[PDB]
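Read through the structure below, which is laid out as structure tokens, and then see the notes.
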Amino acid sequence: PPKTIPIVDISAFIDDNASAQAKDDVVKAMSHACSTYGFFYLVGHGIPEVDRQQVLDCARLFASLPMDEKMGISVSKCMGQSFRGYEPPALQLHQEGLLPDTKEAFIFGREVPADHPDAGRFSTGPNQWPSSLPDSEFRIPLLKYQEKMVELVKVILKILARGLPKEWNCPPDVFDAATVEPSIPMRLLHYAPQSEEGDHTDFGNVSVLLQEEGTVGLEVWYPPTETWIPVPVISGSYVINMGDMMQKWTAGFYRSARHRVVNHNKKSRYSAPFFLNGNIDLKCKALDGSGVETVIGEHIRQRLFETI
Amino acid sequence: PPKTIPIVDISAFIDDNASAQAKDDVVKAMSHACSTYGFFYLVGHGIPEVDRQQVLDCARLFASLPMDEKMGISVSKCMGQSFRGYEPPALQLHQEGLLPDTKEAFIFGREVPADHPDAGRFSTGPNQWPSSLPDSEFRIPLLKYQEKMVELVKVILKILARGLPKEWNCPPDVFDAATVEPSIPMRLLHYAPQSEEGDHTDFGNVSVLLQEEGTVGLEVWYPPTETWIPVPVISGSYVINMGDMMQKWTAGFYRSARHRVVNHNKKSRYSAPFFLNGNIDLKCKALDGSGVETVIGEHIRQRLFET
Ligand SMILES: [Cl-]
Ligand SMILES: [Cl-]
Ligand SMILES: [Fe+3]
Ligand SMILES: [Fe+3]
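Going down the list, the sequences are from chains A and B.
Counting from 1 along the first sequence, just add 59 to a position and that's the residue number in my numbering.
Counting from 1 along the second sequence, just add 1 to a position and that's the residue number in my numbering.
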């Protein structure tokens with residue numbers, strides 16, 4: 060029974076002067092992690108720690124807005140199925156903060172203008188922005204960080220493509236089309252402390268989680284030993300996991316693991332997960348050459364219906 | 002057969018506003034790592050990445066001096082048994098660089114003046130500094146870095162003291178005496194590439210290794226499955242391990258593991274290990290109350306003779 064998910068240092072891939080052996084070491088480590096656990100810690104991404112800390116400060120800043128202003132940009136008010144804006148807690152009584160055991164989030168994605176023909180299509184459309192926060196303090200750092208998440212998931216996909224079974228003869232670009240005009244939702248999550256008194260998989264391709272220091276929140280189901288693996292916070296790391304669409308694309312070689320967040324917090328906790336769903340119109344062919352075709356957006360919408 | 006040594010984030014101990022649960026989590030993780038493997042990765046130390054990169058640049062800078070300049074401060078020339086200065090390769094033919102499969106090092110420790118009564122005693126005395134390297138590029142950043150390593154091993158020892166068996170009833174200060182006027186050698190290591198064509202334990206209390214990015218060098222012997230565990234470089238981390246004197250002090254609860262560096266390098270590789278040996282005159286009592294008394298310096302010298 061494993062005690063931890065593995066860790067992958069991708070430095071050899073962020074620098075063009077690393078040895079072929081070191082790059083190959085990264086490829087094998089990430090391939091084994093994603094085909095065994097579906098999860099791994101990633102370090103060596105090169106995203107400055109000040110930027111990560113700024114993202115968590117944005118989460119805290121948004122959460123500090125009064126309930127009325129956050130509901131002014133409720134996801135109810137977004138365009139079509141773009142699912143952008145404020146996700147309210149399940150219960151609320153006051154304008155300030157959260158009731159214990161609830162959570163709230165700000166969701167934003169790829170900026171698509173309202174008059175674009177795709178606006179309002181699944182996970183596609185304009186973002187909603189809280190007007191009381193100045194651009195320099197919220198929207199601008201979040202969009203800059205979004206640039207960096209897009210570049211990081213591109214690198215992750217190149218490493219993963221190099222890690223597939225060689226007899227499938229997949230080229231290292233095999234995933235690249237998913238990164239063109241993609242669905243890329245990001246959440247700024249605020250978890251209230253636990254009171255004194257869930258199980259899921261991600262549907263997309265790659266998830267990149269920024270954790271705040273604190274007690275263990277995340278657990279990953281490992282079927283072979285039927286155990287929940289805790290994922291404590293590791294300084295400098297992201298938690299990376301594969302989603303259902305990636306598992307489907309790779310005919311099950313890369314696993315999409317069940318996971319849940321446990322709330323042992325005595326104070327409010329924040330996190331910032333970024334999700335690569337991918338281009339919602341891309342038709343993906345099973346990389347084992349079995350001829351199965353899956354359209355990303357149809358797959359994700361189907362997963363939503365099956366889970367709700 | 003384990004595949005990795007554990008990772009311990011000590012952030013909860015570098016901040017006084019972290020929860021008691023988080024601090025206890027750090028204590029438990031570090032204790033289990035040191036009593037099982039004797040080794041762990043440490044992150045969250047707060048030492049800036051620019052400072053770590055500078056230390057490795059100092060290693061490269063020193064190594065780039067010609068043989069004649071480096072031998073000007075050979076360890077042969079240090080005062081008494083202070084063991085400070087330049088450790089030359091086992092073989093050499095040119096003034097520049099190293100022959101494959103060899104290594105060289107710069108060694109410096111706690112600055113003790115030449116007229117101090119302890120100067121020249123075991124691992125104690127003044128440092129040798131290469132006269133061709135400007136202070137701002139070498140001696141000054143290394144001495145500041147040395148302060149940061151001393152503070153980090155102080156934190157590690159506090160965590161380790163909290164991880165001992167509760168039935169021994171050890172107080173959390175139990176190791177602190179080792180950090181007063183200690184032997185603290187640090188090396189700037191330069192490994193030549195492998196040619197086309199060792200196994201040991203550390204003698205002191207706590208070792209703190211800064212690795213350079215590259216292929217796996219370090220391996221740790223794990224007896225229960227009789228396997229060499231690779232220790233690849235992890236960004237932002239130090240590799241921490243217990244030495245023989247910590248194993249002795251804790252009556253074997255904390256393990257001093259055998260380890261070795263393997264050379265798969267096609268180009269020169271650098272590292273910066275810092276060693277807490279401790280105060281050489283401190284008499285340590287086995288923390289299980291078995292009455293055994295060990296003087297750190299005598300232990301380290303005896304371990305040197307045994308090897
Ligand atoms: Cl790695
Ligand atoms: Cl930890
Ligand atoms: Fe998830
Ligand atoms: Fe060693």
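Using N, Cα and C, we set each Cβ at its ideal position, and we do this for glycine too.
At a threshold of 7 Å, A:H259 counts as near ligand 3, since its beta carbon sits closer than that to one of the ligand's heavy atoms. Assignment of A:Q113 by DSSP, reduced to helix, strand and coil, places it in the helix class. Between A:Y100 and A:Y281, the CB-CB gap reaches or exceeds 8 Å. With respect to the 8 Å criterion, A:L341 and A:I243 are not classified as neighbours on the basis of their beta carbons. In chain order, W169 and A252 place their CB closer than 7 Å to the CB of B:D289, counting only its own chain and leaving out the 5 sequence neighbours on each side. Chain A has a Cβ within less than 8 Å of the Cβ of B:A23.
At a cut-off of 8 Å between beta-carbon atoms, B:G298 makes no contact with chain A. A:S296 is classed as buried because its beta carbon has at least 16 other beta carbons within 10 Å across all chains shown.
For A:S294, a Cβ of chain B is located within less than 8 Å of the residue's own Cβ. Shown here for A:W188: same chain residues with a beta carbon closer than 6 Å to its own, the five before and five after excluded, namely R198 in chain order.
Not one heavy atom of ligand 4 is found less than 7 Å from the C-beta of B:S124. For B:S272, the distance from the CB to the nearest heavy atom of ligand 4 is not below 7 Å. By the Cβ neighbour-count rule, A:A220 is buried, with 16 or more other Cβ atoms within 10 Å of its own. Under the DSSP assignment, B:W250 falls in the alpha helix (DSSP H) whose first and last residues are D245 to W250. Within chain B, no C-beta atom comes nearer than 8 Å to that of A:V171; the closest sits roughly 35 Å away.
Interface annotation, A:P291: in contact with chain B, CB-CB separation under 8 Å. A:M89: member of the alpha helix (DSSP H) spanning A79 to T95, first to last residue. Between B:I15 and B:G47, the gap from beta carbon to beta carbon is short of 8 Å. Within the region 188 to 268 of chain B, the complete alpha helix (DSSP H) runs of at least 4 residues fall at 245 to 250. Leaving aside the five residues that flank A:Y250 on each side, the residues in its chain whose CB is nearer than 7 Å to its CB run, in chain order, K162, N322, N324, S327 and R328. Among the bridge pairs identified by DSSP, B:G126 is matched with B:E112. Contacts between B:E214 and chain A, judged by CB atoms closer than 9 Å, involve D68, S70, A71, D74, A77, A81 and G103 in chain order. By alpha-carbon distance to A:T260, the top candidate from A:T284, A:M305, A:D235 and A:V275 is A:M305. Contact between B:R188 and B:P274 is confirmed by a C-beta separation of about 6 Å, below the 8 Å threshold. Pairing A:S182 with A:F142 gives a Cβ-Cβ distance under 8 Å. Apart from the 5 residues on each side of it in sequence, B:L94 has no Cβ closer than 6 Å to any other Cβ in its chain.
In this structure, DSSP gives A:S133 an extended state, which the three-state scheme calls strand.
For ligand 1, a non-hydrogen atom lies closer than 7 Å to the CB of A:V85.
Under DSSP, B:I8 forms a beta bridge with B:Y42. CA-CA distance, B:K286 to B:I301, rounds to 16 Å.
Our two residues, B:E299 and B:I281, have alpha carbons roughly 8 Å apart in a direct line. Around B:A30, the same chain offers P7 and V9 as residues with beta carbons nearer than 7 Å, after the five sequence neighbours per side are excluded. A:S266 has its Cβ nearer than 7 Å to a heavy atom of ligand 3.
From the listed residues A:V265, A:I367 and A:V354, the smallest Cα separation to A:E210 is found for A:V265. Taking a 10 Å sphere around the C-beta of A:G350, we find fewer than 16 other C-beta atoms and assign the residue as exposed. A:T286 and B:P114 have their C-alpha atoms some 58 Å from each other.
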